[PDB]
Amino acid sequence: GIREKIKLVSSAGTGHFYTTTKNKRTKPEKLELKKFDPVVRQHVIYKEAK
RNA sequence: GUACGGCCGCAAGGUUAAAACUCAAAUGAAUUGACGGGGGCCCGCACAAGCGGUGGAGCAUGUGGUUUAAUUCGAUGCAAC
RNA sequence: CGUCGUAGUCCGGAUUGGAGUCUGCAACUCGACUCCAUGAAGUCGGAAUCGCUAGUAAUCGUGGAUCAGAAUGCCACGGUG
RNA sequence: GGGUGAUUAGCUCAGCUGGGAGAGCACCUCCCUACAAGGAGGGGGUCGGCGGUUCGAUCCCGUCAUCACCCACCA
RNA sequence: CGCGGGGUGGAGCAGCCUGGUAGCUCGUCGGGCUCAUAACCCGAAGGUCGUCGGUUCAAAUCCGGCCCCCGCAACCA
RNA sequence: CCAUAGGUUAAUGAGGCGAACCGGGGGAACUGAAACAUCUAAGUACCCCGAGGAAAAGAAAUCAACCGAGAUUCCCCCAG
RNA sequence: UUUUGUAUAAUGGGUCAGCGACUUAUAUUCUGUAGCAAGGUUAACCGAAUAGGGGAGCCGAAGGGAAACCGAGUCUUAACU
RNA sequence: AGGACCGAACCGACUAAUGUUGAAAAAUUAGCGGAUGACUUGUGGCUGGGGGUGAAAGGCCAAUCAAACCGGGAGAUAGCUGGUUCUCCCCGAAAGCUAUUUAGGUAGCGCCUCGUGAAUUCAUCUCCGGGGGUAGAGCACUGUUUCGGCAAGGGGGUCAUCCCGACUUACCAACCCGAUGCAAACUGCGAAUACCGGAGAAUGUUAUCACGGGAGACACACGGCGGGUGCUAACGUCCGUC
RNA sequence: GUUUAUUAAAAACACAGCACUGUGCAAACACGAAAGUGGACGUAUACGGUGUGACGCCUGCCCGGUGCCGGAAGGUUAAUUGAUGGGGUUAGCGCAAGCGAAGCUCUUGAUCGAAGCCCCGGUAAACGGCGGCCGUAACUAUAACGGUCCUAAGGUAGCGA
RNA sequence: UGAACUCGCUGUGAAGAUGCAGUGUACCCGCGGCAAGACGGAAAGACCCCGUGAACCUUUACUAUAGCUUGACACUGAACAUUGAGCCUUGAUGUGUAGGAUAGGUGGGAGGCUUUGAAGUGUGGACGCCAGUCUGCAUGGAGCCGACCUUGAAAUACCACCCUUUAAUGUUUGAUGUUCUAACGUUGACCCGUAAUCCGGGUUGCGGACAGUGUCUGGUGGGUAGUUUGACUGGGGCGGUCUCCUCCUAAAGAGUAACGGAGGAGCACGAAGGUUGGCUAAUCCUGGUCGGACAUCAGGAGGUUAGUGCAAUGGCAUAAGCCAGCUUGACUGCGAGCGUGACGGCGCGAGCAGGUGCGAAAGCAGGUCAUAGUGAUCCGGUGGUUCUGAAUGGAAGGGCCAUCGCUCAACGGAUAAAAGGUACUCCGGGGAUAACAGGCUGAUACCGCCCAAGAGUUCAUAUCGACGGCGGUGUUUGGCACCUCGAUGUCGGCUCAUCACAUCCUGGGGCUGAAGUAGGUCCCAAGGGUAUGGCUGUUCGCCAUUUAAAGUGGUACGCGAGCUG
RNA sequence: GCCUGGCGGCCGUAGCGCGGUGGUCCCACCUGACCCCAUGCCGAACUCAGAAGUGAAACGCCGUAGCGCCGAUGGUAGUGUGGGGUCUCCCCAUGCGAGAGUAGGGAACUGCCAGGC
Numbered sequence: 003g004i005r006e007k008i009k010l011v012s013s014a015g016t017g018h019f020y021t022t023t024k025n026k027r028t029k030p031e032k033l034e035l036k037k038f039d040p041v042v043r044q045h046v047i048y049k050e051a052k
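Count along the first sequence from 1, then add 2; that gives the number in the deposited numbering.
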């Protein structure tokens, strides 16, 4: 048994992602996270695994 | 036909064949019942099948088990309660 | 003729809550009746096995015997069939 | 000598937070029906002996003895 | 010394390992076929699935001790 | 039959020997990898064949890099 | 001689004699010493084989960065910090 | 006739004895035994190294053999073994840390040492300040505990159910009054000594530091002291420590 | 009869006979890096492989595992076949992005097939295997007995401190 | 064969003296004869233990191979038939609905086409809108078709392109069998070389597209061969431990040993993070409906004796505990410096820019209450890359930047690939390490004394003793690991010594539950004494008969340079 | 001197028991609640506006040497270094020295600012 790491995609319109461990057996519903990005040098939301 | 020896067989076997112990018996025939998953003709409501029930609830009225001081003694398959 | 409408309740009535009817020496405990509320079980019954046939089954009325007092029991009468 | 168990009815024995007398067969009697069957009540218990504790030692636990069965010495 | 398991109606053995959940045969207590018993058939009565805490929607089941056991191995110099 | 295998006669070539070197053939294990198989060690060791005064190589369907080389072998280097 | 440690009942020695052991081979560097010095040095070979030539090649004086690329600077870097 | 009874020649190993630096590379003396056979033997051949030969012991294979003998790779390899040199001097270790197919070696730290450059290296005494909980002391809190008394509730037993329900607490355990033992794992207290640095006196060592070169050791043993362990035993055991 | 030279001599080994297995003969089988020979100038009353041990009386069950045979229909399935598509290059095309003809070079995987193995049946005189627990008579004790966990199945005949 | 004026004790000593301490004994050397002693001699011990030594014994360890088995393709052929499989080739197709009319799709379109072909229209076969077409007939046999009429996006001669389903001809390729020689073969026969069993040449039969063999290859194969094959432990095996975290033993710094004393980890929370605002327990008692025995919360009594992701340690209400909002700082790239381990690795942190969030602002925010939650190096796969790929330009490839993973967990990891056994071995080292013996100790062992619950019909102590205590002994069973593994013969059997005294017998006698004879018990004493028969490897044991006894112990539990084995 | 409030310092001499004591001043109760503000509901809390009531609770001071707390001198426990022995203890030399109690101390002291007499 493992919680597994999933990739949330940046609102920068690219394939760039942030990985987090998110167990489908405790919280399967979608998540969106605000983080800093050093390429746009400002904060963006990372959302959804597909 | 159990035991012992002798004879005979490749062998399974073939032959001779007791004693002790124990019981008023073993056994042939004919006779009449009764019994059968036996026979033939047959009847019963017995089987069957068209229905009603008792078996489940609560209450009553008898019989066992349980129990005390007595909780009475028998009847108790068809033939009781 | 109106009215309710398969419901563990609407139908069903047990152990209740209260006051009354009665015989007798006397019904607290073992008896019956009545009136006004309350209320449990009860949705045709386990295996199995029991009884029948026209005025018979089922169904609804009445009397009487036993008896100080009390039986849906016992013995007779009749309607619907 | 020592080791580990047993000691409760003739023979076999049950009973592990310490409140234990009970069963089978053995021995009699009654009802059964004349007996066996079936049913019931009785006769017989050092629950081994002796210390410490205690409300009290089948159990906390020391020791004596008999039965059980087993050792030491060459490895 | 332990290791892995077991903890079940009276006896012997299932289920478990998937919480929505105590079972079968021999027995014990009666019904049915019987004259009568057994088989067979239909019914009943029964287990705190060790013990105290914990975790939980919940604990015979998981988690920690304690406690009683089964089996395997209890000899190497 | 002719023929030819076979038979005979004459001639040439080889044969055996000689120190070391040398082309080709057969071909390890140890050793190192502080351990072992690939890799290293080694085409060594030893054995075999064969041959010359030397054996072996060569002047390109080779080697470079747009510059060009213009046979091979031997030496110092390229280069740890 | 072995050992922390042996007069040691711990191994060893009959005795005299001839014998018997840390090197040179190569690369690089540290030290010494010296020549030259931002330079130093030659190898094979040539040659008058202990002269003189031969500087091919090597060691050195510039660094930063995987590297492209930059250079008294440079990589990190939007950068100055 | 004979895988027949005894038995010369012929063969031959079983018992016994002698021998055992011998006569001896296996014999000698006496006996029992093999002797038409699955036998024995004269003479010459044939079977070879993981191959032979074996009615089969890994016995025999020229004395050798869980793999013969000689010559080569080979002076293979040995964290081991021991052999490792004539004469005066300067400084002066270790058997500890950390890692390793690690507990026989080796590698970073501790300990030894030579050169080079720049230089005093240190402690004891007194007092002041600072981080400090061992020794001792203790019962407050934890856990444990004795003695005396009261004792909720739980676990056990009993009799009443009318007397205000009552007796009992050997067991498990809360409250409480009065006392006492234990503690590495506790604290209503805590030294001696040690260690760090000032303020101050006294004494004498060429020192300390960096760089550039070499090491040696990381299996020692013992008496005392500080503590566990062992039977408050061992020339026993495991450490600290002088 | 055989058994090792000088401490290990018999019960071990061989033998008369017993069984199973391979062999139709240019046998099967073996040695020979082979040329060849042995098998054997033997031919099923004859040879190769392995165990048994004269003679007399004699031979229970198990094919799950590991071997072997009968069946090859089915499954599993390889090298190989290599339908489809992609990567590299390139004449060429478009403003660029981005596209791209042919030939080459790499690559992919639609999918087939032998033997084995599995599957079905047999094979133990093939290598082998032949188990436990619980309860139970009319004293003690035992169980002819009944169950129960399991295995491929868990001992007919004979011997036994 | 070290040198030797090499006598005995009790001590000491790497603990057995000859050589050291004390003490005791002795004239010296030949001749013959014997051996207790000189840790004996020949052999670096075989055996026991340790171990990044060797060799066998084995096995689906790793790997290979002889032997065997499997298929295409080749030396190596003519062809024939019958057909499994794939593939090419071709025809029928094709409608509804309303109307002549089955327009398949679709691109062209008036002179062009069918003779192996159309009609009939059905008997009968498939399909079916029952019409029609095909298989093949009854059967004929060069045509035909368009206008007018009218459907529809679209036309009905003539001619391309595209197809479902399906069979036969063809074709590639496996089977089944067919004849027949020529690759191949004869362990057939004959003639000749040749008074030759081989070989060569010829002859004449019979086999054979078989065999034999090769390239490549699926599979097998301990028969043969090379190699790998964990550790700690005041002994081994089972068990435990092996990397990470904490406390105590542990010493008024740290380190610091013991299967000394005891517990945890190899992750989880997008929330339980951030920040601003508000608040804070336990426990008992009292008291009250819908509530079956108990669901309510208010008050007092009182406590930092509640809560926190978990070990133990310590923190925490200024809360890190419980909530309310806003929120995502669970921030990026970096960094003076400090602490720390030998390094790997890591914690703390001033300072800079950029972008967020809470708040009035100060101030805080580059994660959770802290201490455990992994796998390097090597590398396969993949996306990017205005780094590079050495003839030039691309590019397999190498680098850089993203993305992931080996319980390799023997954890700090010996290699795309490695397991067991040796009493059949065997090598280097050793009492560093056990066994038979020497030392140390005396719990164990046997005994006495202090003392006394009791037994001894009274009575504790004649004789005997549960309990507690303190010794006598060297001495056993064990503990222990010093001197011993270049080699101390072990058990029993025979044959034969020396010293003790803890006395079995022999001499002495005491106490007594001793009148006497005895029994029970005590101690002065080691001068003399202390069997034999049967069974067994034999002590140990048992049995029968003898005896003043049928004593105990030390001497490696005495006598292998003694006998037996 | 005295009284109080804030920041506090020091933190038991600052404690406990029991008693006394203040409303000019400050301090708390108190007296009300639109608005800004607040409530999973509420002027309860938070918050505002103030003087009719009071010196109670709350806040602050103080007497009291009974106990806590601090604790001399003497002795004790322990101990650094040294000598011995009768040996995990004792004896000696030479230094250090708690813990508890006693006598004594002690019912504090104070920096900055501000109000009051």
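We put the CB at the ideal spot given by N, CA and C, even for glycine.
With respect to the beta strand (DSSP E) encompassing residue i, which residues constitute its N-terminal and C-terminal limits?
i          : result
residue 12 : 7-12
residue 4  : Counting along the chain, residue 4 falls outside any beta strand (DSSP E), and DSSP gives it neither H nor E.
residue 16 : Per DSSP, residue 16 belongs to no beta strand (DSSP E) and is neither H nor E.
Using CA atoms only, rank isn't needed, just tell me which of the options is closest to residue i.
i          : options           : result
residue 32 : 50, 3, 40 and 21  : 50
residue 6  : 16, 12, 23 and 37 : 23
residue 38 : 18, 30, 29 and 27 : 18
Where does residue i land, buried or exposed, given buried means 16+ other C-beta within 10 angstroms?
i          : result
residue 35 : exposed
Pull the bridge partners of residue i from the DSSP assignment, please.
i          : result
residue 50 : Per DSSP, none; premise fails for residue 50.
residue 45 : 38
residue 23 : 7
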